[PDB]
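Below: one structure, written as structure tokens.
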Amino acid sequence: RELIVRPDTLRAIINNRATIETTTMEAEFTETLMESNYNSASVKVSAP
Amino acid sequence: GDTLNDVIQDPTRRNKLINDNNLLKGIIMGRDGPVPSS
């Protein structure tokens, strides 16, 4: 619904300052874990 | 190679320059910043 009566003219100002803005953000993260174990046992028994 | 002189000597171009730049209108110094008046 039209709330106001159509005016004969409009009050305006001119502004043509165009702007372009681009932002890029990259993030990386890497985490490597390594573990290792070894156990050894040797036994020897003798007699004649 | 037109200059401001060629614009000003022509009423249509002079008034286009005046209108498109709000040269007859003051500036409202609001707390949010300056804005041209209508």
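In the structure tokens, chains take the letters A, B, ... in the order shown, each chain's residues start at 1, and ligands count up from 1 in the order shown.
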
TODO: Could you give me, as a PyMOL selection string, the residues within 12 Å of region 14-17 of chain A, counting only C-alpha atoms and dropping anything in the same chain fewer than 4 positions from it?
DONE: chain B and resi 16-23+25+35-38

TODO: When you get a sec, could you note down which chain A residues fall within 7 Å of chain B, using only C-alpha atoms, as a ChimeraX atom specification?
DONE: /A:11-14

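Across the structure, CA of residue 26 (chain B) and CA of residue 10 (chain A) are spaced 17.6 Å apart.
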